[PDB]
Structure formats: structure tokens, C-alpha cells
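Asks: Structure file input.txt (compact mmCIF, N, CA and C atoms) is given on the next line.
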# COMPACT_ATOMS: atom_id res chain seq x y z
N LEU A 53 0.83 -1.20 0.00
CA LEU A 53 0.00 0.00 0.00
C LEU A 53 0.88 1.26 0.00
N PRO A 54 0.47 2.34 -0.68
CA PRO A 54 1.17 3.61 -0.62
C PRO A 54 0.97 4.28 0.74
N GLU A 55 1.76 5.31 1.03
CA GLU A 55 1.50 6.19 2.17
C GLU A 55 1.60 7.66 1.73
N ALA A 56 0.62 8.47 2.12
CA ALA A 56 0.55 9.89 1.80
C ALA A 56 1.17 10.76 2.91
N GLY A 57 1.07 12.08 2.79
CA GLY A 57 1.45 12.99 3.86
C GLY A 57 0.78 14.35 3.75
N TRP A 58 0.71 15.07 4.87
CA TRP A 58 0.31 16.47 4.92
C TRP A 58 1.42 17.37 4.37
N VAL A 59 1.05 18.44 3.66
CA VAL A 59 1.97 19.29 2.90
C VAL A 59 1.68 20.76 3.19
N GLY A 60 2.69 21.53 3.56
CA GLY A 60 2.55 22.97 3.80
C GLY A 60 2.53 23.77 2.50
N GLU A 61 1.93 24.95 2.48
CA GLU A 61 2.17 25.87 1.37
C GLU A 61 3.56 26.50 1.55
N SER A 62 4.56 25.98 0.85
CA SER A 62 5.89 26.59 0.76
C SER A 62 6.56 26.29 -0.57
N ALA A 63 7.34 27.24 -1.08
CA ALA A 63 8.23 27.07 -2.22
C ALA A 63 9.70 26.87 -1.81
N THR A 64 10.01 26.87 -0.51
CA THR A 64 11.39 26.88 -0.01
C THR A 64 11.66 25.84 1.07
N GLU A 65 10.70 25.49 1.91
CA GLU A 65 10.90 24.55 3.02
C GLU A 65 10.62 23.09 2.62
N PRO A 66 11.26 22.09 3.25
CA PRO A 66 11.07 20.68 2.90
C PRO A 66 9.63 20.19 3.08
N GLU A 67 8.89 20.74 4.04
CA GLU A 67 7.48 20.42 4.27
C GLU A 67 6.55 20.86 3.12
N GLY A 68 7.03 21.67 2.18
CA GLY A 68 6.26 22.05 1.00
C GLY A 68 6.19 20.98 -0.09
N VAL A 69 6.92 19.87 0.05
CA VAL A 69 7.11 18.86 -1.00
C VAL A 69 6.18 17.67 -0.79
N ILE A 70 5.41 17.31 -1.82
CA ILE A 70 4.51 16.15 -1.81
C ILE A 70 5.34 14.85 -1.85
N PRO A 71 5.13 13.88 -0.94
CA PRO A 71 5.86 12.62 -0.98
C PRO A 71 5.54 11.78 -2.22
N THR A 72 6.55 11.16 -2.81
CA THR A 72 6.35 10.05 -3.76
C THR A 72 6.21 8.74 -2.99
N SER A 73 5.42 7.81 -3.52
CA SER A 73 5.23 6.47 -2.96
C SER A 73 4.83 5.49 -4.05
N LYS A 74 5.09 4.20 -3.85
CA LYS A 74 4.69 3.13 -4.76
C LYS A 74 3.49 2.34 -4.27
N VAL A 75 2.90 1.58 -5.18
CA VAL A 75 1.89 0.54 -4.95
C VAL A 75 2.40 -0.70 -5.68
N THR A 76 2.23 -1.90 -5.13
CA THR A 76 2.71 -3.11 -5.80
C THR A 76 1.71 -4.24 -5.67
N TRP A 77 1.73 -5.15 -6.64
CA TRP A 77 0.87 -6.31 -6.75
C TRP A 77 1.69 -7.59 -6.88
N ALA A 78 1.10 -8.70 -6.49
CA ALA A 78 1.61 -10.06 -6.68
C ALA A 78 0.59 -10.87 -7.47
N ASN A 79 0.88 -12.14 -7.76
CA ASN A 79 0.00 -13.01 -8.53
C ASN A 79 -0.45 -14.23 -7.73
N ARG A 80 -1.70 -14.64 -7.95
CA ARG A 80 -2.29 -15.92 -7.53
C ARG A 80 -2.90 -16.58 -8.76
N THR A 81 -3.04 -17.90 -8.77
CA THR A 81 -3.59 -18.64 -9.91
C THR A 81 -4.73 -19.56 -9.53
N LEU A 82 -5.76 -19.60 -10.38
CA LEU A 82 -6.70 -20.70 -10.45
C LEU A 82 -6.17 -21.69 -11.48
N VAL A 83 -5.91 -22.94 -11.09
CA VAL A 83 -5.53 -24.02 -12.02
C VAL A 83 -6.58 -25.11 -11.99
N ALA A 84 -7.25 -25.35 -13.11
CA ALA A 84 -8.34 -26.30 -13.19
C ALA A 84 -7.85 -27.75 -13.22
N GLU A 85 -8.45 -28.57 -12.38
CA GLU A 85 -8.15 -29.98 -12.21
C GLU A 85 -9.43 -30.80 -12.31
N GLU A 86 -9.35 -32.00 -12.87
CA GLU A 86 -10.52 -32.80 -13.19
C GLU A 86 -10.84 -33.81 -12.10
N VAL A 87 -12.10 -33.86 -11.69
CA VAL A 87 -12.67 -34.85 -10.78
C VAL A 87 -13.78 -35.59 -11.51
N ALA A 88 -13.81 -36.91 -11.43
CA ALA A 88 -14.67 -37.72 -12.27
C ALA A 88 -14.96 -39.11 -11.69
N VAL A 89 -16.00 -39.76 -12.19
CA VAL A 89 -16.41 -41.12 -11.85
C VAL A 89 -17.08 -41.79 -13.05
N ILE A 90 -16.97 -43.10 -13.19
CA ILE A 90 -17.72 -43.89 -14.18
C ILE A 90 -18.60 -44.89 -13.45
N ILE A 91 -19.89 -44.93 -13.80
CA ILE A 91 -20.89 -45.79 -13.18
C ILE A 91 -21.48 -46.73 -14.25
N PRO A 92 -20.97 -47.97 -14.40
CA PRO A 92 -21.44 -48.93 -15.39
C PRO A 92 -22.67 -49.70 -14.90
N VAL A 93 -23.58 -50.02 -15.82
CA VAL A 93 -24.89 -50.61 -15.55
C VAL A 93 -25.40 -51.36 -16.79
N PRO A 94 -26.12 -52.48 -16.67
CA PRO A 94 -26.64 -53.19 -17.84
C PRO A 94 -27.63 -52.35 -18.64
N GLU A 95 -27.58 -52.42 -19.97
CA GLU A 95 -28.51 -51.66 -20.80
C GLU A 95 -29.96 -52.11 -20.57
N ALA A 96 -30.17 -53.39 -20.28
CA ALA A 96 -31.46 -53.91 -19.87
C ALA A 96 -31.98 -53.25 -18.59
N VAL A 97 -31.13 -53.03 -17.58
CA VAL A 97 -31.53 -52.33 -16.36
C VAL A 97 -31.97 -50.90 -16.68
N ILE A 98 -31.24 -50.19 -17.53
CA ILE A 98 -31.61 -48.84 -17.95
C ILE A 98 -32.90 -48.82 -18.76
N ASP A 99 -33.10 -49.75 -19.68
CA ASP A 99 -34.32 -49.83 -20.48
C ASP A 99 -35.55 -50.19 -19.64
N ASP A 100 -35.40 -51.08 -18.66
CA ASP A 100 -36.50 -51.52 -17.80
C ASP A 100 -37.04 -50.42 -16.89
N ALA A 101 -36.19 -49.51 -16.41
CA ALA A 101 -36.56 -48.58 -15.35
C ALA A 101 -37.48 -47.43 -15.81
N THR A 102 -38.58 -47.24 -15.08
CA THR A 102 -39.58 -46.18 -15.30
C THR A 102 -39.18 -44.86 -14.63
N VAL A 103 -38.73 -44.90 -13.37
CA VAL A 103 -37.96 -43.80 -12.78
C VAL A 103 -36.64 -43.67 -13.53
N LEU B 53 -23.59 -70.92 -40.85
CA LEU B 53 -24.57 -70.08 -40.19
C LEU B 53 -24.04 -69.57 -38.84
N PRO B 54 -24.36 -68.34 -38.42
CA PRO B 54 -24.04 -67.87 -37.08
C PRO B 54 -24.86 -68.62 -36.03
N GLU B 55 -24.34 -68.72 -34.81
CA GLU B 55 -24.98 -69.39 -33.68
C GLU B 55 -25.17 -68.42 -32.51
N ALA B 56 -26.41 -68.20 -32.08
CA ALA B 56 -26.73 -67.45 -30.88
C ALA B 56 -26.61 -68.04 -29.46
N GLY B 57 -27.00 -67.29 -28.44
CA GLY B 57 -27.04 -67.74 -27.05
C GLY B 57 -27.98 -66.92 -26.19
N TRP B 58 -28.29 -67.42 -25.00
CA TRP B 58 -28.98 -66.68 -23.94
C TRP B 58 -27.93 -66.06 -23.02
N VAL B 59 -27.78 -64.72 -22.97
CA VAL B 59 -26.54 -64.04 -22.42
C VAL B 59 -26.51 -63.55 -20.95
N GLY B 60 -27.30 -64.06 -20.00
CA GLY B 60 -27.14 -63.72 -18.59
C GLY B 60 -27.14 -62.22 -18.29
N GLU B 61 -26.47 -61.73 -17.22
CA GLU B 61 -26.33 -60.25 -16.98
C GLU B 61 -25.11 -59.80 -16.14
N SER B 62 -24.11 -60.64 -15.81
CA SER B 62 -23.00 -60.22 -14.95
C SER B 62 -21.98 -59.31 -15.64
N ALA B 63 -21.52 -58.27 -14.94
CA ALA B 63 -20.35 -57.49 -15.32
C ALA B 63 -19.01 -58.24 -15.11
N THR B 64 -19.02 -59.38 -14.42
CA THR B 64 -17.80 -60.06 -13.94
C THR B 64 -17.71 -61.52 -14.37
N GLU B 65 -18.82 -62.26 -14.31
CA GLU B 65 -18.86 -63.69 -14.59
C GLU B 65 -19.04 -64.00 -16.08
N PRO B 66 -18.47 -65.11 -16.60
CA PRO B 66 -18.45 -65.41 -18.03
C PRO B 66 -19.83 -65.68 -18.62
N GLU B 67 -20.83 -66.03 -17.82
CA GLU B 67 -22.22 -66.16 -18.27
C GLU B 67 -22.80 -64.84 -18.80
N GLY B 68 -22.23 -63.69 -18.44
CA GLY B 68 -22.69 -62.37 -18.85
C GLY B 68 -22.20 -61.88 -20.22
N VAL B 69 -21.33 -62.64 -20.90
CA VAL B 69 -20.67 -62.21 -22.14
C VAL B 69 -21.41 -62.75 -23.36
N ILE B 70 -21.77 -61.87 -24.30
CA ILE B 70 -22.40 -62.23 -25.57
C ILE B 70 -21.41 -63.07 -26.40
N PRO B 71 -21.79 -64.26 -26.89
CA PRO B 71 -20.88 -65.10 -27.65
C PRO B 71 -20.60 -64.51 -29.04
N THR B 72 -19.34 -64.49 -29.45
CA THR B 72 -18.99 -64.32 -30.86
C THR B 72 -19.33 -65.41 -31.88
N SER B 73 -19.64 -65.02 -33.12
CA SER B 73 -19.97 -65.96 -34.18
C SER B 73 -19.64 -65.42 -35.57
N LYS B 74 -19.90 -66.23 -36.60
CA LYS B 74 -19.17 -66.22 -37.86
C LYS B 74 -20.03 -66.78 -38.99
N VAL B 75 -20.49 -65.93 -39.90
CA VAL B 75 -21.05 -66.36 -41.19
C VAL B 75 -19.90 -66.65 -42.16
N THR B 76 -19.98 -67.68 -43.00
CA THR B 76 -18.98 -67.90 -44.05
C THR B 76 -19.61 -68.32 -45.37
N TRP B 77 -18.85 -68.18 -46.44
CA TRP B 77 -19.20 -68.51 -47.81
C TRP B 77 -18.13 -69.42 -48.41
N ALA B 78 -18.48 -70.07 -49.52
CA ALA B 78 -17.62 -70.97 -50.26
C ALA B 78 -17.80 -70.75 -51.76
N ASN B 79 -16.89 -71.28 -52.57
CA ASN B 79 -16.95 -71.16 -54.02
C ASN B 79 -17.28 -72.51 -54.67
N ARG B 80 -18.35 -72.55 -55.47
CA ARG B 80 -18.63 -73.60 -56.46
C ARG B 80 -18.22 -73.10 -57.85
N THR B 81 -17.78 -73.97 -58.75
CA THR B 81 -17.32 -73.56 -60.09
C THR B 81 -17.90 -74.40 -61.22
N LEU B 82 -18.35 -73.74 -62.29
CA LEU B 82 -18.50 -74.36 -63.60
C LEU B 82 -17.14 -74.33 -64.31
N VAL B 83 -16.55 -75.47 -64.63
CA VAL B 83 -15.35 -75.56 -65.49
C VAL B 83 -15.71 -76.28 -66.78
N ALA B 84 -15.56 -75.62 -67.92
CA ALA B 84 -15.95 -76.16 -69.21
C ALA B 84 -14.91 -77.14 -69.74
N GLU B 85 -15.32 -78.37 -69.96
CA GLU B 85 -14.50 -79.46 -70.47
C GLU B 85 -15.06 -79.95 -71.79
N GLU B 86 -14.20 -80.49 -72.65
CA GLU B 86 -14.56 -80.81 -74.02
C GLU B 86 -14.84 -82.28 -74.23
N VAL B 87 -15.95 -82.58 -74.89
CA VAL B 87 -16.34 -83.91 -75.34
C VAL B 87 -16.36 -83.92 -76.86
N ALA B 88 -15.69 -84.89 -77.47
CA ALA B 88 -15.46 -84.90 -78.91
C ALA B 88 -15.31 -86.30 -79.49
N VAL B 89 -15.52 -86.43 -80.81
CA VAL B 89 -15.25 -87.64 -81.58
C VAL B 89 -14.87 -87.30 -83.02
N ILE B 90 -14.03 -88.11 -83.66
CA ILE B 90 -13.78 -88.07 -85.11
C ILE B 90 -14.24 -89.39 -85.73
N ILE B 91 -14.99 -89.33 -86.82
CA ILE B 91 -15.55 -90.52 -87.49
C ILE B 91 -15.09 -90.53 -88.96
N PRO B 92 -14.06 -91.31 -89.33
CA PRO B 92 -13.49 -91.34 -90.67
C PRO B 92 -14.17 -92.37 -91.59
N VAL B 93 -14.27 -92.06 -92.89
CA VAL B 93 -14.91 -92.89 -93.91
C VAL B 93 -14.25 -92.71 -95.28
N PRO B 94 -14.16 -93.73 -96.15
CA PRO B 94 -13.64 -93.56 -97.50
C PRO B 94 -14.53 -92.68 -98.37
N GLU B 95 -13.92 -91.81 -99.16
CA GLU B 95 -14.63 -90.88 -100.04
C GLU B 95 -15.44 -91.62 -101.11
N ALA B 96 -14.99 -92.80 -101.55
CA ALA B 96 -15.75 -93.69 -102.43
C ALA B 96 -17.00 -94.30 -101.80
N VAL B 97 -16.97 -94.67 -100.52
CA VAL B 97 -18.13 -95.26 -99.84
C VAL B 97 -19.27 -94.26 -99.76
N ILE B 98 -18.97 -92.99 -99.46
CA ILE B 98 -19.95 -91.91 -99.52
C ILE B 98 -20.56 -91.79 -100.92
N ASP B 99 -19.75 -91.90 -101.97
CA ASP B 99 -20.22 -91.78 -103.35
C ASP B 99 -21.08 -92.96 -103.80
N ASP B 100 -20.80 -94.17 -103.34
CA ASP B 100 -21.52 -95.38 -103.73
C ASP B 100 -22.78 -95.65 -102.92
N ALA B 101 -22.87 -95.19 -101.68
CA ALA B 101 -24.05 -95.35 -100.83
C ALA B 101 -25.30 -94.66 -101.39
N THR B 102 -26.48 -95.22 -101.10
CA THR B 102 -27.78 -94.68 -101.55
C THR B 102 -28.35 -93.60 -100.64
N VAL B 103 -27.73 -93.35 -99.48
CA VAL B 103 -28.14 -92.38 -98.46
C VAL B 103 -26.97 -91.49 -98.06
Any chance you could put this one into C-alpha cells?

Replies:
Amino acid sequence: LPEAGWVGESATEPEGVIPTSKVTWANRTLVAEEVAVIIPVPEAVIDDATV
Amino acid sequence: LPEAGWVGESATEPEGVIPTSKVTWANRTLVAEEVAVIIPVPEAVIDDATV
């Protein structure tokens, strides 16, 4: 995070000068990974079922 | 001719597996073979005969 400061009206004193400051960022990642299952069943069981 | 079966329902036991089968064909052939005869006679006998 940057930091600011209070500044006097002056053209000659050090308190007349606005501070410089930086802001910085870093990186985070979403990496997609696969989760899965296979459920085998007789075709006759699937054809027979009303539900 | 292909041969069928009654195929059970197990995912694990051999009674659950549909049997493989096999139609086949064969070749019959007409092969042309020659039947022949030569019948020789004297040119005078033809001339002297009534038929």
C-alpha cells in the first residue's frame, strides 16, 4: 500500500514537497483440475426402469 | 450359419458375455471341359451309298 502525507504551502521549506510512494501487486492462480467417476450398468436395467 | 445364445447379466462372470460368431461362404465352379469324336470314312463309300 502507498503512504501519503500532509503538505505545507511553501516554495522553499522541505514540508512544502509532496511525498512520492509506490503501490505493488503479486500473482495468484486458479488451475483447473478434473474430478470424475464412471458408473457402469446393464442396458437392460436402464431400459427396464420407469424412474 | 451364425450361432446365438442366452446371455445372462453379470459385469464379472463369463455367463454375462455375448458369444462371438461367424457367417462364411464358399466357391462352387463351372469348369468347361470338351467332349469330342472323329468318325473317318472312304470318299468312295460316300459316293456309292444310296443315303

Asks: Can you give me the C-alpha RMSD, to one decimal in Å, for chain A fitted onto chain B with all Cα atoms paired in order?

Replies: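 Here the RMSD amounts to 3.7 Å.
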
Asks: Given a cut-off of 10 Å, which residues of chain B touch chain A, counting only C-alpha atoms, written out as number ranges by chain?

Replies: B: 61-63

Asks: Can you work out the spacing between atom C of residue 103 of chain A and atom C of residue 91 of chain A in Å, to one decimal?

Replies: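 Going from atom C of residue 103 of chain A over to atom C of residue 91 of chain A, I get 15.5 Å.
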
Asks: List the neighbours of segment 75-83 of chain B out to 7 Å using all atoms listed in the file; skip same-chain residues closer than 6 positions along the sequence, and give me the result as a list in words.

Replies: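 So the residues in contact are residues 53, 54 and 55 of chain B.
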
Asks: Could you tell me how far atom N of residue 58 of chain A sits from atom C of residue 71 of chain A, in Å to one decimal place?

Replies: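 We find that atom C of residue 71 of chain A and atom N of residue 58 of chain A lie 9.2 Å from each other.
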
Asks: Between atom CA of residue 87 of chain B and atom CA of residue 101 of chain B, what distance in Å does the model show, to one decimal?

Replies: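 Computing it gives 29.0 Å between the two atoms.
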
Asks: Identify, on the basis of all atoms listed in the file, every residue whose closest approach to residue 57 of chain A does not exceed 8 Å; exclude the query and any residue fewer than 6 positions from it along the same chain; express the result as a PDB file with N, CA and C atoms, in the coordinates of the input.

Replies:
ATOM      1  N   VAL A  69       6.920  19.870   0.050  1.00  0.00           N
ATOM      2  CA  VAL A  69       7.110  18.860  -1.000  1.00  0.00           C
ATOM      3  C   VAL A  69       6.180  17.670  -0.790  1.00  0.00           C
ATOM      4  N   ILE A  70       5.410  17.310  -1.820  1.00  0.00           N
ATOM      5  CA  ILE A  70       4.510  16.150  -1.810  1.00  0.00           C
ATOM      6  C   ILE A  70       5.340  14.850  -1.850  1.00  0.00           C
ATOM      7  N   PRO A  71       5.130  13.880  -0.940  1.00  0.00           N
ATOM      8  CA  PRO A  71       5.860  12.620  -0.980  1.00  0.00           C
ATOM      9  C   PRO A  71       5.540  11.780  -2.220  1.00  0.00           C
ATOM     10  N   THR A  72       6.550  11.160  -2.810  1.00  0.00           N
ATOM     11  CA  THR A  72       6.350  10.050  -3.760  1.00  0.00           C
ATOM     12  C   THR A  72       6.210   8.740  -2.990  1.00  0.00           C
TER      13      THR A  72
END
